[PDB]
Amino acid sequence: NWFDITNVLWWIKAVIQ
Amino acid sequence: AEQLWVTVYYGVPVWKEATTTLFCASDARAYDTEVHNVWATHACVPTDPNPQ
Amino acid sequence: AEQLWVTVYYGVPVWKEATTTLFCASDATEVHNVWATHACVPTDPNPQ
Amino acid sequence: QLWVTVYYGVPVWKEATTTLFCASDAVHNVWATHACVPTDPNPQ
Amino acid sequence: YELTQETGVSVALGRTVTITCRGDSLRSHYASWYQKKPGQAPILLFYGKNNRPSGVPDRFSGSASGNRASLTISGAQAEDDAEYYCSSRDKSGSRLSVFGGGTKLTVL
Amino acid sequence: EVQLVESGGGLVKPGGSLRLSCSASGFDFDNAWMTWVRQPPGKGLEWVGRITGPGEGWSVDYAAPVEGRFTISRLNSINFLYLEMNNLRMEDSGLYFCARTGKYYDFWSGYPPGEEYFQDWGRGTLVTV
Amino acid sequence: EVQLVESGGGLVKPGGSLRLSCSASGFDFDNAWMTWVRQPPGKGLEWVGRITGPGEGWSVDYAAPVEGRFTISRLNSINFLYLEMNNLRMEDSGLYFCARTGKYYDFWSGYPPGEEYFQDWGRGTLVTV
Amino acid sequence: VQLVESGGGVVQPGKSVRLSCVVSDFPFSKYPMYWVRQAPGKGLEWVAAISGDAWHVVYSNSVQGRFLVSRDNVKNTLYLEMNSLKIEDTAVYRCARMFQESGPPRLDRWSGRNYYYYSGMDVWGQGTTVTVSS
Amino acid sequence: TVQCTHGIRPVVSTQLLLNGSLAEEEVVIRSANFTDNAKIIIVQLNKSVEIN
Amino acid sequence: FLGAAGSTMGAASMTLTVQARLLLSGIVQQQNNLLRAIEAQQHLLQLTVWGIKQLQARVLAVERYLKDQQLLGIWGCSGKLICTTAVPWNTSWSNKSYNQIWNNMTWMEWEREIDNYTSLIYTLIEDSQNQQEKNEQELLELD
Amino acid sequence: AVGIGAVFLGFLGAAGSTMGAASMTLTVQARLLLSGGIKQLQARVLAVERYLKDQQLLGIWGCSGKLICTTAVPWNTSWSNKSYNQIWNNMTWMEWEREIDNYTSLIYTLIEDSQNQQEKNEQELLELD
Amino acid sequence: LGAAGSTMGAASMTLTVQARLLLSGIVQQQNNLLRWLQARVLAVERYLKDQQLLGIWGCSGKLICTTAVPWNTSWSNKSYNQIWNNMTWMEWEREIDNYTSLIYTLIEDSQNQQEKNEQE
Amino acid sequence: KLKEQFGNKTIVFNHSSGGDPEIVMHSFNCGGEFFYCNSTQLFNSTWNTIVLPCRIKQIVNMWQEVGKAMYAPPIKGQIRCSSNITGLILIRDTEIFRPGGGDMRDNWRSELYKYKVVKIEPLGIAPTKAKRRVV
Ligand SMILES: *[C@@H]1O[C@H](CO[C@@H]2O[C@@H](C)[C@@H](O)[C@@H](O)[C@@H]2O)[C@@H](O[C@@H]2O[C@H](CO)[C@@H](O[C@@H]3O[C@H](CO[C@H]4O[C@H](CO)[C@@H](O)[C@H](O)[C@@H]4O)[C@@H](O)[C@H](O[C@H]4O[C@H](CO)[C@@H](O[C@@H]5O[C@H](CO)[C@@H](O)[C@H](O)[C@H]5NC(C)=O)[C@H](O)[C@@H]4O[C@@H]4O[C@H](CO)[C@@H](O[C@@H]5O[C@H](CO)[C@H](O)[C@H](O)[C@H]5O)[C@H](O)[C@H]4NC(C)=O)[C@@H]3O)[C@H](O)[C@H]2NC(C)=O)[C@H](O)[C@H]1NC(C)=O
Ligand SMILES: *[C@@H]1O[C@H](CO[C@@H]2O[C@@H](C)[C@@H](O)[C@@H](O)[C@@H]2O)[C@@H](O[C@@H]2O[C@H](CO)[C@@H](O[C@@H]3O[C@H](CO[C@H]4O[C@H](CO[C@@H]5O[C@H](CO)[C@@H](O[C@@H]6O[C@H](CO)[C@H](O)[C@H](O)[C@H]6O)[C@H](O)[C@H]5NC(C)=O)[C@@H](O)[C@H](O)[C@@H]4O)[C@@H](O)[C@H](O[C@H]4O[C@H](CO)[C@@H](O)[C@H](O)[C@@H]4O)[C@@H]3O)[C@H](O)[C@H]2NC(C)=O)[C@H](O)[C@H]1NC(C)=O
Ligand SMILES: *[C@@H]1O[C@H](CO)[C@@H](O[C@@H]2O[C@H](CO)[C@@H](O[C@@H]3O[C@H](CO[C@H]4O[C@H](CO)[C@@H](O)[C@H](O)[C@@H]4O)[C@@H](O)[C@H](O[C@H]4O[C@H](CO)[C@@H](O)[C@H](O)[C@@H]4O)[C@@H]3O)[C@H](O)[C@H]2NC(C)=O)[C@H](O)[C@H]1NC(C)=O
Ligand SMILES: *[C@@H]1O[C@H](CO[C@@H]2O[C@@H](C)[C@@H](O)[C@@H](O)[C@@H]2O)[C@@H](O[C@@H]2O[C@H](CO)[C@@H](O)[C@H](O)[C@H]2NC(C)=O)[C@H](O)[C@H]1NC(C)=O
Ligand SMILES: *[C@@H]1O[C@H](CO[C@@H]2O[C@@H](C)[C@@H](O)[C@@H](O)[C@@H]2O)[C@@H](O[C@@H]2O[C@H](CO)[C@@H](O)[C@H](O)[C@H]2NC(C)=O)[C@H](O)[C@H]1NC(C)=O
Ligand SMILES: *[C@@H]1O[C@H](CO)[C@@H](O[C@@H]2O[C@H](CO)[C@@H](O)[C@H](O)[C@H]2NC(C)=O)[C@H](O)[C@H]1NC(C)=O
Ligand SMILES: *[C@@H]1O[C@H](CO)[C@@H](O[C@@H]2O[C@H](CO)[C@@H](O)[C@H](O)[C@H]2NC(C)=O)[C@H](O)[C@H]1NC(C)=O
Ligand SMILES: *[C@@H]1O[C@H](CO[C@@H]2O[C@@H](C)[C@@H](O)[C@@H](O)[C@@H]2O)[C@@H](O)[C@H](O)[C@H]1NC(C)=O
Ligand SMILES: *[C@@H]1O[C@H](CO)[C@@H](O)[C@H](O)[C@H]1NC(C)=O
Ligand SMILES: *[C@@H]1O[C@H](CO)[C@@H](O)[C@H](O)[C@H]1NC(C)=O
Ligand SMILES: *[C@@H]1O[C@H](CO)[C@@H](O)[C@H](O)[C@H]1NC(C)=O
Ligand SMILES: *[C@@H]1O[C@H](CO)[C@@H](O)[C@H](O)[C@H]1NC(C)=O
Ligand SMILES: *[C@@H]1O[C@H](CO)[C@@H](O)[C@H](O)[C@H]1NC(C)=O
Ligand SMILES: *[C@@H]1O[C@H](CO)[C@@H](O)[C@H](O)[C@H]1NC(C)=O
Ligand SMILES: *[C@@H]1O[C@H](CO)[C@@H](O)[C@H](O)[C@H]1NC(C)=O
Ligand SMILES: *[C@@H]1O[C@H](CO)[C@@H](O)[C@H](O)[C@H]1NC(C)=O
Ligand SMILES: *[C@@H]1O[C@H](CO)[C@@H](O)[C@H](O)[C@H]1NC(C)=O
Ligand SMILES: *[C@@H]1O[C@H](CO)[C@@H](O)[C@H](O)[C@H]1NC(C)=O
Ligand SMILES: *[C@@H]1O[C@H](CO)[C@@H](O)[C@H](O)[C@H]1NC(C)=O
Ligand SMILES: *[C@@H]1O[C@H](CO)[C@@H](O)[C@H](O)[C@H]1NC(C)=O
Ligand SMILES: *[C@@H]1O[C@H](CO)[C@@H](O)[C@H](O)[C@H]1NC(C)=O
Ligand SMILES: *[C@@H]1O[C@H](CO)[C@@H](O)[C@H](O)[C@H]1NC(C)=O
């Protein structure tokens, strides 16, 4: 699901910092 | 675009013209009892059709 | 209750009454007899 | 062990006495079509 | 039209010109750029942070800073005389999209 | 080799209904996101709505002035896109485009749900209200 | 409203075969455990065997004097229970019952596999060997 | 068995009544019914017919579109409603059962069309009488 | 599409056709070229003419 | 092979595990020996009255076999013996209850119960399921 | 003394309809293809010998017993310049089998030896693990 | 008939050619009906014998299919590569011809009359 | 209805001609009995209770083959058959129409002017997006 993909990636970007 | 693949169908309502054998299908009442009706040859096929 | 579904069984033991055409079976030669007519399917001594 | 696998389509043969059918190449000959089927396209 | 564009911009033939697009949503989202001439279907020229679709001349480039986005035509041609639209989210985080008012680029 | 041909546009009285069609070719229509865009007379491009693909459940999103009146659908078996319009107004009139929709999201600078772009367009069909 | 009707019982020579049927109604036959019980003449009730349900894989268990000769089966489509008997002996003769089987296990005092009880019975069908 | 009617009498032109034939004992959903009209001093005129499942309805040409028939297999009733009455409709109406039994509809294989068989009558109800005058 | 053709009485007559089958209330006449001289004029008239 | 023609429908499904008592197997063990080529060891010696009748006998052995395979072939039930369908039973066909059909009934009497309604069931399998599922299957391959 | 109108369909009843309406009709042309002074017998074999051939060709293609099925053989756009939705919504079958009459032999060879021959040597050698 | 000299692991690649040309061969009788079919009717019956028999054997449509029936070495105890990469098909048939009908009941029962009791 | 293919002038009717009376006189059967009737009176020209002399023979040729010939003496009593007419056979030749006819296939052409027998080719193929599952 595209709308989920973008959300999970944004989250990963936040967490890995 | 997409790849297309062939798909088999059965019972497709098409036709060509052909020349085949038809068969007699006559009346079937009062063919017995001395009725040697040469057209009927004693009621060739006794169907008495329901022509739908 | 259970919504019943249709099931096709092949091999049910049913019949009706009918008419047909028959054929001989002689149980056995020069073939020159009027009734026997040895141009005919040979039988089987199986008890069927 | 050894289990018995079924094989359909194996090319073996008996010898049989049977009926053939005549095919004649191709007016009003008795061998033309009143005995046989018409012309032979190709033997293989 | 929360995405604001210049109504009209001129450019001498052969010279370089930049059209811009401004809006709050651009702080969060890139824009994509389209060329349209009357009677014709639009043409995707540029999108993303640095993406140009094949078959589109190299004279076209997009860029982005703050709340604005901009297309630069380097060495404007006669064919380039057209309408240019940008498109992006209407709000930040939106599943919807929106178009700018559109910039008419007359080539002088 | 992508081809999109809109159809079904015509004259219609205010309050009336209308059904625009779009025949898609040249690409994978089935998994492709599709979008309707219009151009009112003497005005610019305007985003009408977009239908997503399988992973998104064929979800559809709509522009505010059109939400509730319009319906976007697809029949992937013959690669057709549709636009069901009800209760039309003067401002509903314009030239209606259909366009193959691409998804874009840059990982390090992106913000969900990234952005959608329109790589292939058709010629449009004229709606007159 | 449960109804069970056994059938198929009759006179048979020693060594012979026989097939008892049971038509089940009034409950959920499909997931129900079923049991065969017989009563020899001038004697008491005797447990013959029992078929389990889906979770148990329709597993079947048998009484020792009958294990190997008898077969219990079901066709859940018409709620019938069956009992295939081979190689019968004099002592195989009696009145054969079928009965809906319940499972019981008390947690704090129970011992696996708890106990089975017979809540609904049929009238039986008479086997004469 | 017992076979009578009700609702008969005398009305004006342009009016509309509905009779009520009631059967007694045979399974009513199994059989089709009929309506016949004996004019006084004349022969008989067939009127109408219903299928056993109340699906097939065939009217006479003269009374075509005016009348109405129906069934209720639970209540074992039989109705003949009538509209646009004329003076020449004054005669004896009779409720009547088919002689033979009928089957379910047939569905010939070669064309997806059912068939309701229709044969004649044995049990005539004694029937009411409707008169149309001033 | 019919299962089976309609009534065909295979009568034998020259110069007319006796127990035949007739069309609707116009008279229809057909032929092969219908300009050529040595063809056959098939006449179908809309009513019957009784013969004793 | 008619060994349970007096048995009940709830019990005749037990012995039907044998291949309808090896129904079709009796044909192939027949036509292996119906095709004894003594007919070809004679060319019948003539055309005789029996060989006219045998020819009209083998055709019915051909045709009436095919009409039972084709109907099993079209019903999505090719070659099986007990298959279920998707057609809901309509109580208007038979208002008999459940156990009376199975536990308490023969077969040939049950033929005369629905010999009227049989032909409607034939169309209501094909156009309801086997025409229908093939399109819905092909839609599930469109993706 | 009988008669009611049509209920389901007729024989060849869809033969002026579109493909999308005839595709739900195939069984009626499928049933009556077989059932229906020597010259009756010479017909009663040709009707068989035509049925086996059409049955046999479905057998080779991995498509026996199904009315419809798909393959993996790609459609070649050289065979048809027709658009997709024109085929499934506008063209009848009787017209359609004059248009691909010439290519038919290429099709049947490119089903068997292309795929369903190849889907057995690939199939048999997915063992050993 | 080309791979009639191949081994049993080698002649299996020509199984398709043998099956196709069993029925009618190439079509003779080029429509010359101008001027008496029992042999034509038998060839169909030879064909329909086997397709029904593969239908009972759960193996319609295929050419090569497996089973749940283990082998009984009293038929022939000759092991795997003693025959497979060593022997043609005419000789393997002349080792199993006495046991032929015995194989057919076992394939009928324990593969589909068995698996009919696994359907549920 | 003879007219509307050319002009509005010159229609006539003429009687037949040519050969022995079996092809001249009108032939038909009536209940195991054969009639050759004179039909010259039936064909007077036109512009924009008749009794006909019938003749009966006994040795009657087969209808199209030359060679064998059937024969039938009648049953007792007189013979009567009412009949109909739904057509006749004419030839072209002011534009002359004469009653021709040498083939009752043309009568059967008048009976079978509607029909056509076509064979089903039930098998057919078409492309789509779907594909057989391959492992
Ligand atoms: C499947 O379909 C077929 C039909 O279709 C077929 O298949 C298709 C595929 C097509 O091909 C199609 O073309 C085929 O045809 C169905 O077949 C039909 O089955 C029914 C039976 O279910 C048949 O009905 C019977 O017919 C007889 C006459 O038929 C004869 O002839 C035909 C052909 O010639 C033969 O086939 C047939 O076998 C017969 O020989 C008919 O007379 C019967 O009616 C009498 O008997 C019943 C039973 O008693 C009476 O019903 C009772 O009525 C009383 C009164 O109200 C009630 O109280 C009872 O509840 C009720 N029911 C019962 C069970 O009792 C019925 O009323 C009638 O009774 C007689 O009535 C008269 C008048 O009252 C009475 O006479 C009186 O006598 C006294 C003393 O003498 C005084 O004198 C009075 O004045 C006088 O009037 C008489 O005594 C009564 N007798 C009795 C015994 O009561 C019966 O209906 C039908 O013929 C047959 N065929 C057709 C074409 O329909 C088949 O059913 C379908 N299958 C299924 C499962 O549905
Ligand atoms: C199990 O099988 C059942 C039976 O199968 C049947 O037999 C088989 C052997 C086989 O042949 C089957 O093909 C056959 O169907 C299935 O039951 C059928 O179900 C369908 C539904 O799909 C039914 O179809 C409905 O038919 C109704 C009737 O249509 C007839 O009548 C219309 C006019 O109606 C008439 O109006 C006048 C008004 O005056 C009535 O007169 C009044 O009657 C009173 C009572 O007697 C009183 O006497 C008054 O004095 C008098 O004025 C008259 O009674 C009434 N007719 C009837 C029969 O009641 C005609 O226009 C039409 O041409 C036809 O002649 C329709 O009304 C109905 O439409 C309505 O319902 C729809 C859905 O409910 C709805 O959407 C519509 O908007 C509309 O409101 C249906 O079309 C069919 O009748 C059933 N069969 C039978 C025999 O009843 C059953 O479906 C199946 N089980 C399953 C699960 O599928
Ligand atoms: C065009 O179509 C019309 C009608 O559609 C045909 O006219 C009928 O033709 C037939 C064939 O000749 C006529 O049938 C004959 O009727 C004779 C009169 O019988 C009367 O008497 C009996 C006594 O019980 C009544 O039942 C009957 O209804 C009549 O009232 C019979 O005597 C003939 O039978 C002879 O042949 C049998 C055969 O074995 C002998 O055993 C008898 O002893 C007897 O000699 C015969 O059945 C029929 O009457 C005609 N209908 C009419 C005139 O109205 C035309 O024939 C047809 N056109 C052509 C060219 O054929
Ligand atoms: C579509 O098919 C052609 C091959 O079919 C050819 O044309 C038919 C009309 C008929 O004449 C056949 O006998 C022919 O074989 C494919 O084009 C071929 O590509 C090969 C590549 O190796 C080339 O050698 C041939 O010359 C080509 N034939 C042509 C152009 O006629 C083509 O690839 C197919 N398309 C698809 C998508 O598979
Ligand atoms: C399909 O092919 C025909 C020609 O096919 C050949 O002739 C047939 C009688 C048959 O024997 C086929 O197997 C042969 O391969 C094409 O017909 C041609 O059409 C054009 C214009 O319509 C005409 O000028 C030619 O004379 C025709 N050919 C012949 C031999 O007469 C037809 O166009 C082909 N259709 C398609 C869609 O490819
Ligand atoms: C015969 O052709 C007509 C059109 O020429 C078909 O009618 C169409 O049917 C569909 C199905 O509901 C409608 O959506 C169309 O609107 C109809 N066309 C028109 C012009 O109204 C008809 O279905 C065809 N016959 C068959 C049996 O399919
Ligand atoms: C058939 O009838 C026609 C006219 O009714 C006959 O033709 C003429 O008959 C008269 C009367 O005797 C003769 O004088 C003429 O010579 C006849 N011919 C012509 C050309 O006028 C005719 O003879 C009858 N018979 C046949 C066999 O045609
Ligand atoms: C079924 O067997 C019946 C004997 O038992 C009866 O069964 C139930 C259904 C009740 O009807 C009750 O009267 C009896 O206990 C026979 O009477 C009957 O003929 C059989 N056949 C049927 C119902 O088709
Ligand atoms: C009739 O069948 C029943 C059912 O199995 C059986 O009890 C009975 O023995 C049979 N009748 C006879 C005479 O064997
Ligand atoms: C057809 O018959 C009617 C009377 O039934 C008649 O008026 C009309 O003239 C006939 N047609 C022709 C062409 O003569
Ligand atoms: C009809 O009239 C003559 C005779 O055959 C001929 O010249 C003309 O071409 C014909 N017309 C056709 C056959 O269309
Ligand atoms: C098929 O499509 C064409 C478009 O080229 C259209 O003109 C025609 O009306 C359509 N056919 C039918 C039967 O509607
Ligand atoms: C036939 O014999 C030759 C030499 O003996 C051999 O190489 C060849 O492979 C054989 N054929 C087969 C199919 O093995
Ligand atoms: C098959 O094996 C069994 C043991 O399972 C043996 O008893 C039997 O003799 C073998 N079959 C033959 C035909 O020898
Ligand atoms: C098969 O058995 C016989 C007798 O036991 C023995 O002579 C032969 O060598 C055996 N063959 C194999 C391959 O085991
Ligand atoms: C195959 O069998 C023949 C038979 O004599 C033998 O000579 C040869 O060695 C065998 N080959 C193998 C590989 O076993
Ligand atoms: C096969 O059976 C026949 C007939 O009983 C016998 O003569 C032959 O020797 C048998 N074959 C073997 C290998 O035992
Ligand atoms: C009749 O013929 C004349 C000249 O031949 C022509 O002018 C006139 O139009 C014709 N009548 C009709 C109704 O065509
Ligand atoms: C009609 O034709 C006949 C010959 O068939 C001829 O003798 C006669 O004079 C013609 N009559 C007219 C008016 O043309
Ligand atoms: C009309 O028919 C009669 C019938 O006998 C014939 O003699 C005559 O020549 C024809 N012509 C005229 C003008 O009377
Ligand atoms: C034949 O016609 C003549 C005169 O028209 C008449 O006197 C005679 O009664 C008629 N006979 C018959 C059987 O019609
Ligand atoms: C012959 O014509 C009369 C004229 O009304 C007609 O009633 C009769 O049905 C016709 N004969 C036949 C067999 O149709």
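For the structure itself, look to the data block above.
K.L.:
Explain the site of ligand 15 residue by residue, including any values.
P.N.:
Residues and elements named next belong to chain L. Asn77, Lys78 and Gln82 make up every residue found near ligand 15. Contact distances for ligand 15 include 2.4 Å between an oxygen atom and a side-chain N or O atom of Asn77. Burial of ligand 15 by the surrounding chains reaches 28%, relative to a free accessible area of 370 Å².

K.L.:
An account of helix α4 (residues 89-96) of chain L is requested, with residue identities and associated values reported.
P.N.:
Of the positions making up α4 of chain L, those classed as buried are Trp89, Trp92, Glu95 and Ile96 of chain L. The buried residues of α4 of chain L occupy one face: seen down the axis, they fall within an arc of 115 degrees.

K.L.:
Outline the layout of surface pockets, supporting the account with residue identities and numerical values.
P.N.:
Approximately 940 Å³ is the volume found for the second largest pocket. In this structure, the second largest pocket is lined by 35 residues; those nearest its centre are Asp53, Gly103, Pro104 and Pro105 of chain H together with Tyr117 of chain J. Elements with a minimum of two residues in the lining of the second largest pocket: α6 (118-130) of chain J together with β1 (6-10) of chain K. In terms of residue class, the lining of the second largest pocket is built from 15 nonpolar, 15 polar and five charged.

K.L.:
With reference to specific residues and values, describe the sheet that holds strand β6 (residues 70-75) of chain G.
P.N.:
Residues and elements named next belong to chain G. On the basis of which strands lie adjacent, the open sheet formed by four strands has the order β1-β2-β7-β6 and antiparallel pairing. Among the strands making up the open sheet, the edge pair consists of β1 (3-7) and β6. Direction aside, the axes of adjacent strands within the sheet are offset by 15 degrees on average.

K.L.:
For the environment of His42 of chain B, give the residues involved together with the corresponding values.
P.N.:
Residue and element names in this part refer to chain B. Along the chain, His42 falls in the segment after β2 (15-17). Given a relative accessible area of 42%, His42 falls into the partly exposed group. Excluding residues within four positions of it along the chain, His42 makes contact with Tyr31, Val35, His36 and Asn37.

K.L.:
Give a description of the environment of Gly93 of chain E that names residues and reports values.
P.N.:
With respect to the helices and strands, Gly93 of chain E occurs in the loop between β8 (82-89) and β9 (97-99). What makes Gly93 of chain E partly exposed here is its relative accessible area of 35%. Linking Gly93 of chain E and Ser25 of chain E, residues 68 residues apart in sequence, is a C-alpha distance of 8.3 Å. Those residues in contact with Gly93 of chain E that sit more than four places away from it in its chain are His29 of chain E together with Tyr111, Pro112 and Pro113 of chain F.

K.L.:
Got a sec to walk through the interface of chain B and chain M? Specific residues and values, please.
P.N.:
Taken together, the 17 residues of chain B in the interface contact 16 residues of chain M. For the pair chain B and chain M, the two sides together bury roughly 1600 Å², of which 62% comes from carbon and sulfur. There are two salt bridges connecting chain B and chain M. Note that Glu17 of chain B is salt-bridged to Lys116 of chain M, the shortest N-O span being 3.2 Å. Taken together, the links from chain B to chain M amount to eight residue pairs in polar contact. For the side of chain B that touches chain M, the secondary structure elements donating two or more residues are β1 (5-9) and β2 of chain B. The greatest single-element share of the side of chain B that touches chain M, amounting to five residues, is contributed by β1 of chain B. Of the residues contributing to the side of chain B that touches chain M, the split by class is ten nonpolar, four polar and three charged. The sheet contact formed by β2 of chain B and strand β6 (residues 118-120) of chain M spans three bridges and is antiparallel. In the strand pairing of β6 of chain M, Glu17 of chain B is matched with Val118 of chain M.

K.L.:
So what's going on with the state of the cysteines? Which residues, and what values?
P.N.:
Under the criterion given, the structure shown has twelve disulfides over all chains. Each disulfide pairs two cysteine sulfurs, and for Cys24 of chain C the partner residue is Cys40 of chain C, the sulfurs being separated by 2.0 Å. Side by side, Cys24 of chain C and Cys40 of chain C carry an identical accessibility label, which is buried. Paired by a disulfide, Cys21 of chain H and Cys95 of chain H hold their sulfur atoms 2.0 Å apart. Taking the torsion about the S-S bond as the criterion, the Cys21 of chain H to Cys95 of chain H disulfide, at about -75 degrees, is left-handed. With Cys21 of chain H in strand β3 (residues 21-23) and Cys95 of chain H in strand β9 (residues 91-98), this pair connects stretches of sequence that are 74 residues apart.

K.L.:
Tell me about the packing of helix α3 (residues 49-74) of chain J against helix α3 (residues 43-60) of chain K, and please be specific about residues and values.
P.N.:
Packing of α3 of chain J against α3 of chain K brings their axes to within 11 Å, and their N-to-C directions diverge by 40 degrees. It follows from the interaxial angle that α3 of chain J and α3 of chain K lie oblique. Judged by the sense of rotation from one axis to the other, the crossing of α3 of chain J with α3 of chain K is left-handed. Counting all contacts with α3 of chain J, which are made through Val59, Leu60, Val62, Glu63, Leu66 and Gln70 of chain J, the residues of α3 of chain K involved are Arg44, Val48 and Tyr51 of chain K. Residue classes in the contact of α3 of chain J with α3 of chain K are distributed as six nonpolar, one polar and two charged.

K.L.:
Can you tell me about a nonpolar patch on the surface, naming the residues and giving the values?
P.N.:
A cluster of nonpolar side chains, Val8, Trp11, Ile12, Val15 and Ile16 of chain A together with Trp108 of chain F, forms an exposed patch at the surface whose accessible area comes to about 650 Å². Looking at where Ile12 of chain A falls in the secondary structure, it is placed in helix α1 (residues 2-15). Classification of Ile12 of chain A by relative accessible area gives partly exposed; the value is 31%.

K.L.:
Run through the interface of chain I and chain M, naming residues and quoting values.
P.N.:
With 37 residues of chain I at the interface, the matching set in chain M holds 37 residues. When residues of chain I are sorted by the area they lose upon contact with chain M, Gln15, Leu17 and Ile41 of chain I head the list and together hold 21% of the total. The tally of links between chain I and chain M comes to zero salt bridges. Here chain I is connected to chain M by 21 residue pairs in polar contact. At the level of secondary structure, the elements contributing two or more residues to the side of chain I that touches chain M comprise β1 (28-30) and β2 (41-44) of chain I.

Criteria and cut-off values
Residues numbered from 1 in each chain as written, not as in the entry; some residues may be left out. Chains lettered and ligands numbered in written order. Part of a larger assembly, values for the part shown. Heavy atoms only, no water. Residues with missing side-chain atoms left out of burial classes, pairs and counts. Near = heavy atom within 4 Å. Polar contact = N/O pair within 3.5 Å; in protein donor to acceptor, adjacent residues only side chain to side chain. Areas by Shrake-Rupley, 256 points an atom, 1.4 Å probe, with all protein chains shown as cover. Buried < 20%, exposed > 50% of the residue type's maximum accessible area, 1.4 Å probe, protein only. Helix = DSSP H or I, 4+ residues; strand = E, 2+ residues; numbered from the N terminus. Arc of directions from axis to C-beta. 1 Å grid on protein atoms, 1.4 Å probe; cavity = no way out; pocket = protein on both sides within 12 Å on 5 of 7 lines; lining within 4 Å. Points joined across faces, edges and corners; volume = space filled by probe spheres on them. Nonpolar A, V, L, I, M, F, W, Y, C, P; charged D, E, K, R; others polar. Pairing = 2+ DSSP bridges. Axes fitted to C-alpha atoms, helices over the stretch in contact; angles between N-to-C directions. Contact = heavy atoms within 4.5 Å. Buried area = accessible area lost by both parts, 1.4 Å probe. Salt bridge = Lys/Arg side-chain N within 4 Å of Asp/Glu carboxyl O. Disulfide = S-S within 2.5 Å. Parallel < 35°, antiparallel > 145°, perpendicular 65-115°, else oblique. Left-handed = near helix turned anticlockwise from the far one by under 90°. Patch = residues over 30% accessible without salt bridge, like charges linked within 9 Å, V, L, I, M, F, W, Y side chains within 5 Å.

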